[PDB]
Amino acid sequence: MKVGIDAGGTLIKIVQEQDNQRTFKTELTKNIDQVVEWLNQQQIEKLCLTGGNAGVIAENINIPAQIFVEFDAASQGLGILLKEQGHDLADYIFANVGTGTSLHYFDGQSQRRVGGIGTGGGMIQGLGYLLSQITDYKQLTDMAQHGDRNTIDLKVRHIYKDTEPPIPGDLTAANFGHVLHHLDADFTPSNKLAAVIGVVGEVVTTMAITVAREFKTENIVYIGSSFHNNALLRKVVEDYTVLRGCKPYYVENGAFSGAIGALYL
């Protein structure tokens, strides 16, 4: 078989292609050892690698392998996944929301990195843990769905009281801006985790909508594993993308865009 692997900061994504039956496999990066041992016992017609931990794999394998830059690979797998799923977009921003976040403009032909920020899945896990002691990703993201952000976040209408503001009053003005206004109140693990995802969702969208306006597209494709088991994040991202007059897109297996692309380059 043919196998493509995007070995990221947190997750290793593997796709095997047989003929036209894909297999999508996720493993932890910390169990990268167990991906190598597994790889060495497969019969592999072609192997392709990308991501930060690609070299760790290449060196520990007894089989040659091509290595591609993850920006190029993500773009290539995303284009394939968008066609398959019936989106024919002339151009778009894509925002890869992984351990960290990378923002790309795809003009129709190629991708170009137009920015990035360290607000993404790693912040959700890291800051999440600092605010809740919860290490289990499932527990963390499940708990955050039940959360309320009202006592934590400060909207524009709170700063502008009775009077009429110069931007929409419902907008978030200050993430964690209301904490000092509602001391006494507990601040529950749910509420705080919702606010973390809230701030991460909002920064990514802001960057994406800004860059979208810069390169003159209304299409914003969001990918990365950060969106798995995290409805709040997609909602946050999606509502605000629409609110700013852009069109958000999520993609089935969009978090495997790198591993697929590695196979088709």
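When you see a residue number, it is the position in the sequence shown, counting from 1.
A summary of the deposited B-factors shows that, of 67 to 75 and 104 to 112, the stretch with the larger mean C-alpha value is 104 to 112.
Averaged over their C-alpha atoms, the temperature factors of 37 to 45 and 192 to 200 are higher for 37 to 45. Note on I209, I32, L233, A54: the highest value goes to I32, judged by CA B factor as recorded.
Take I159, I93, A174, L127 and read off each C-alpha B-factor from the entry; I159 has the highest.
Per-chain ranking of the deposited C-alpha B factor places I14 in the lowest third.
When all modelled residues of the chain are sorted by CA temperature factor, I220 is found within the lowest third. Ranked by Cα temperature factor within the chain, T135 sits in the middle third according to the deposited record.
In the PDB entry, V179 places in the highest third of its chain by CA B-factor.
Among all modelled residues in this chain, the alpha-carbon of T23 has a temperature factor (C-alpha) in the middle third.
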